[PDB]
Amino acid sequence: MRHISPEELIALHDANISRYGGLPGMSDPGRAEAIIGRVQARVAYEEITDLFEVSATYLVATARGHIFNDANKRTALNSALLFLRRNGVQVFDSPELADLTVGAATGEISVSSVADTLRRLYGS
């Protein structure tokens, strides 16, 4: 599978910050490498192969990780779907994405549950 590197997350976030607005920068030096590195190590360590479980992991870690001073939710949803697109799964906007992303961010919707929705929305 293709992954999103910490550096790509920073860039995905910076473009979003400039296109949609928000306060710039990371909340703490090297926090993207810390969280995303751990996301990929979790995937490798738990041997996660389902693309939707992996995507949801990106979504949840970023929604709640507060890597950036702003645009954490937006970067979470975008990184999660960019992940799927990069791995052959076609993605499109949906009325559920906002609530789903807010629920991931608040801790009300778990990774597996985020993954289920995504498996329905974009699964085969």
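For every residue, the number given is its place in the sequence shown, counted from 1.
If you average the CA temperature factors over each stretch, which comes out higher, 63-71 or 91-99? Mean CA B-factor is higher for 91-99.
Between 73-81 and 46-54, point out the one with the higher average CA B-factor as the PDB entry records it. 46-54 has the higher mean C-alpha B-factor.
Third assignment of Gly107 from its chain's C-alpha B-factors: Lowest third - that is where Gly107 ends up once the chain's C-alpha B-factors are sorted.
Determine, from the deposited record, the chain-internal third of the Cα B-factor for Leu12: lowest, middle or highest. For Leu12, the deposited C-alpha B-factor lands in the middle third.
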